[PDB]
Structure formats: C-alpha cells, structure tokens
Amino acid sequence: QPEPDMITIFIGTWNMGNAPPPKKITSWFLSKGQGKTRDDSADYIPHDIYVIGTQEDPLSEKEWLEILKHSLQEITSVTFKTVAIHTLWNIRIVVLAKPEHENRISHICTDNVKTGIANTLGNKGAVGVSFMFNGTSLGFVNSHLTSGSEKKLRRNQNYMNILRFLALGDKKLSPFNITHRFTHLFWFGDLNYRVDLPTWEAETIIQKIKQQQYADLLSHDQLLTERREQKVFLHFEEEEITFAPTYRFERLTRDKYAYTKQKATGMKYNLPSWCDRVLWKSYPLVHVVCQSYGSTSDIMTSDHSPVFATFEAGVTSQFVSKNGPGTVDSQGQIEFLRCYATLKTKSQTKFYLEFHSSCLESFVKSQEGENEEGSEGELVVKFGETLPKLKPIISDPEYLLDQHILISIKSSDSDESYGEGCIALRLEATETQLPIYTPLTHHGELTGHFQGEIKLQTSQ
Ligand SMILES: OCc1cn(-c2ccc(Cl)cc2)nn1
Ligand SMILES: [Mn+2]
C-alpha cells in the first residue's frame, strides 16, 4: 500500500456565537454554499485531514468531537481518528484524520497564546496544532483576534504575538517561528478584520451583497489592505473571496445582516465583513492548491456563517537509505556561492548563518560574513565562497530535491536571529550553479533578503 505524495486537507473556521450548532452541519464539511464550492461528485470522498477551528464555542470537547465524528461518518462512512484537540477559553481546534493515516502521523504538538494585557487579556488568542505526516510537517493555527472596526492595528499586534509565542513544531528550530517551522502552515479563524466603509453606507453595502457585487467591498477589506501594505500575514496566501461577508447575521436566518449599534454590541456598528478567513504559507515550490473557499448558507445558529477551505497538499515519504538516517551519504552535498544577506538593521555586529534542515544530521553554523556599507544605507553581509558545504543524510535526488534549507542570520554578539528564510532544493539542475533567494523576516516582519547561488550534488 504505497505512501501518498498528495493529501487533501479540510480547514473549517466557525465563530459559533456561544450557541449550540444545529442538528445538521454536513454542508460545512462538504464545502457547499457560497464561494468556491466543492463538486457534488466528490461528496463521498473523504479528505485525509479535517482541521476544525471554532470561536465562541459553547460545547465541551466531548460534545463537539461527537458532533464532528458523527457528521464525517454520515458523509463518508469513515470513522475518523482524533489527532488532537486543544481549547483556550472558547477557542478550539480539532484535528481528525482517516484511520489509514494513524501510523503516518507523529510528533503531535498543541499550544495556545493569550493576546492582550489586563482589560484585553481573557478571551482572545489562538490555539494551534502541529504534527508530522510522514516526511512533511503541518501546522494549524486557529486565532480569534480583537474585534471592532477601529482595531485593525490591535489585530495586527495580536497576529504578531501569536506567531512569536505559539510554540509548535520542532523545538530544535530555535531561530524560527511558526511561519518557518512547517512545510504547510494554515492560519484561520475569526480574524475580525472588517470592511472599512462609513457607517452611513451600511444599506449600500447590504445591497451590493444582495447583488453578489463584492469588488467595492473587498477593496476596503482590512485584511486585504493590511496584507497589501505588508502590515500582517506577510508571505501568506489567501484564495480569492467569492462568498458574501460571513458576519454579522441575524441568527436563524441568513436574509439579514444585523449591523446597527446595540447595547449588546457596546454601541458599535458591525458592518458586513469577512471576519472568518483561511490563509496558508507553504515552503517554496511545494504543491499546495486551494480547491474550495466558501461559506455555508444553511447553518444559522450563529451571527457568523461557517467558512470552509480545502487544499491539495504535497507530502513526502519517511525516506530510508543504506546510509541516512544515522549517517551522511558522501554522494550528496549542498554548496553556496557568492551569497550575501541584505539587512535593514542599524546594528554593526558581525553576523553568521545557521542552516537548518531535516536533510541534515544537525544544523550548521557558518563563519562570520564580511560587512559592507550598501549604497542606499543598508547592511550587506558578504559570505562569498566561505559558506560550509552541507552534507545531507540521503543523496537520492527523489529525496533531496524535495527538501528545504532554513537560514537564520544571527548576531555574533548576541546570537539573536536578525532574519529567517527558506531555500527550496527543488532546483532546475544539479551540479550547476543556480540563483537562490529568500526574503528574511524576524517575528514575521521583513528584515532583509538572502541571495546567492547554490550547487546541489545528488547520487544521480
Ligand atoms: O502517542 C503518539 C500518538 C499518535 N497519535 C495519533 C492519533 C491519531 C492519528 Cl490519526 C495518528 C496518530 N496520538 N498520539
Ligand atoms: Mn522569537
């Protein structure tokens, strides 16, 4: 029974509005309703992994797991296995997988982050799950960010705190945050970004929605505008939105947006918004294709509609050779030529690189680079031909071309990372000098770039 090279992953996010779900929620898991929906012909075909994020979830873990498993069994006739469940207050993540994957899934981690301070600490934050699926690392974040149209900068701060403090994946990857630890990272939730249009335009927005004319609304979506200005979710993807705003509905129908200020809203307007979102970030040149992104029409217990997204995701096998794991394969090597880092820092410390990859027995430290003053005031750290030759554990090109090298540029003075990036080994050629490039980020913000050339030697 061969190992898969692709799986499908269902991501769901639903702010349940502290109400129990209705008796049938199968439309969510089938990707049916509005937007990019799943073909009817696929309805019986189970996804490999279902990741359910809820916010304002009033249920116990046991109660929700029973509903989820019985929903999936009804759809697929498969009894899904529980990989992980983690709850912070009323923010929950459930990961379910087909039973055939039980011996493919390992290194399961869970964590949460509480955002805010005093007044603003106690109900917002994020839960996350990570695990290995054979050779592939997968991370999942469900966040409930700060509410309110006039709090986009707080949401961006919440994002920055979650990606800095959520402790998932391989703890040896000490320079790297969750945005570099996984082959595929999915980040979803009630992100709470709003359509930034005047209050007076509420009924205009509603009439645009009823015409299915979303363009003038999406052009004011705070998440899209903050992402375009590189304020949040740098280097993440989101499928095009083709479904109506998922908030704020009158409960028990979907015919009515409830936007007006009420004592119950703290006298705030809740103009129709795409609060409920799914984004992803995958290592360079790994297959990931969004196959659905939409909202249900028939689940009306909450003032939010559920959102679904499904993905094809490339996965690799747990590779064994005669040599690695547990030794190197002399027939393999990774060389870096004419490499330099460009950093936004004012600092004048010397810098060194660390190279981290599961194709190495352990991470590799470089010698210090040569600082030059770049023309336009930047710091250029030149490594030229000084970088260590990396010795992968397996030389087979079917393995090595699927791997990735994480790079951290660290201060010699403090050993603190000034920038992290990732280089794919999925090269156009072996034994050939080829350009490489990654942006560098630190705690999610752009700090520079790393570029040069690479020369990969495989057994072939
Ligand atoms: O003790 C290790 C461990 C493995 N798993 C697990 C559960 C469900 C699936 Cl589908 C796969 C793996 N849970 N704990
Ligand atoms: Mn950090």
Side-chain angles (χ1 to χ4, degrees), residues 3-4 7-10 29 46-52 61-62 64-66 68-69 72-73 76 78-86 93-115 126 128-141 157-182 184-185 187 234-235 281 313 315 317-318 343-345 347 351 354 356 363 406-411 414-422 440-448:
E3 293 309 306
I7 60 172
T8 75
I9 302 178
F10 174 96
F29 306 119
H47 295 295
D48 294 285
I49 304 176
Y50 291 77
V51 184
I52 304 90
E61 288 186 352
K62 170 180 181 168
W64 187 220
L65 275 170
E66 191 184 316
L68 293 174
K69 289 192 165 197
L72 295 186
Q73 186 158 88
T76 66
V78 172
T79 303
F80 275 75
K81 295 293 191 180
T82 308
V83 173
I85 178 159
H86 188 70
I93 185 165
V94 179
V95 176
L96 301 177
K98 299 185 66 188
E100 76 189 65
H101 295 328
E102 180 184 349
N103 304 287
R104 294 185 174 120
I105 291 174
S106 70
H107 294 89
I108 301 158
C109 294
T110 62
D111 198 20
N112 66 257
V113 168
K114 301 172 187 198
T115 52
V129 177
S130 64
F131 51 95
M132 292 294 302
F133 183 97
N134 284 338
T136 299
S137 58
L138 302 174
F140 302 93
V141 178
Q157 287 168 337
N158 291 158
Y159 165 85
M160 293 298 180
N161 285 316
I162 292 159
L163 79 82
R164 174 178 177 198
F165 293 120
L166 196 66
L168 293 171
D170 177 6
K171 303 315 182 274
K172 291 182 173 170
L173 292 180
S174 58
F176 300 101
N177 66 64
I178 55 165
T179 71
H180 284 120
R181 286 189 176 189
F182 306 107
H184 303 281
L185 172 62
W187 189 324
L234 183 63
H235 304 140
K281 179 179 182 188
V315 288
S317 284
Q318 301 182 48
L343 296 182
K344 292 184 191 294
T345 199
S347 165
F351 289 97
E354 290 181 4
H356 291 66
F363 77 82
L406 295 173
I407 297 184
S408 168
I409 182 155
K410 286 173 121 189
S411 160
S414 66
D415 295 307
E416 60 189 325
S417 184
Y418 278 59
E420 301 101 51
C422 181
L440 298 171
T441 62
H442 184 65
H443 292 148
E445 303 202 301
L446 193 68
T447 59

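Counting convention: from 1, in listed order, for ligands and their atoms alike. This chain uses plain numbering: 1 for the first residue, then up along the sequence.
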Exercise. Is atom 1 (O) of ligand 1 less than 4.0 angstrom from at least one protein heavy atom?
Worked result: no

Problem set entry | Any donor-acceptor N/O pair, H442 side chain to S417 backbone, under 3.5 Å | yes

Exercise. Hey, do the aromatic rings of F140 and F182 have their centres closer than 6.0 Å?
Worked result: no

Exercise. Which heavy atom of the protein is the closest neighbour of atom 11 (C) of ligand 1, given with residue, atom name and distance?
Worked result: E102 O, 3.1 Å

For this session: Enumerate the atoms of ligand 1 whose separation from the nearest heavy atom of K81 is less than 4.0 angstrom.
Result: 10 (Cl)

For this session: Over 60° means perpendicular and under 30° means parallel, so classify the ring planes of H356 and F363, tilted if in between.
Result: parallel

Problem set entry | Passing option when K69 is tested against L96, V78, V94 for side-chain contact (heavy atoms from CB on, under 4.5 Å) | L96

For this session: Using 2.8 Å as a strict upper limit, say whether an N, O or S atom of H443 approaches the Mn ion (ligand 2) that closely.
Result: yes

For this session: Could you establish whether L96 and ligand 1 come within less than 4.0 Å of each other, counting only heavy atoms on the residue side?
Result: no

For this session: Indicate, as side chain, backbone, both or neither, the part of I108 found under 4.0 angstrom from ligand 1 when only non-hydrogen atoms are considered.
Result: side chain

Exercise. Any side-chain donor-acceptor pair under 3.5 Å between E420 and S408?
Worked result: no

Exercise. Of all the non-hydrogen atoms in the protein, which one sits nearest to atom 8 (C) of ligand 1, and at what distance?
Worked result: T82 O, 3.4 Å

Problem set entry | Among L163, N161, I162, the one residue meeting side-chain contact (heavy atoms from CB on, under 4.5 Å) with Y159 | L163

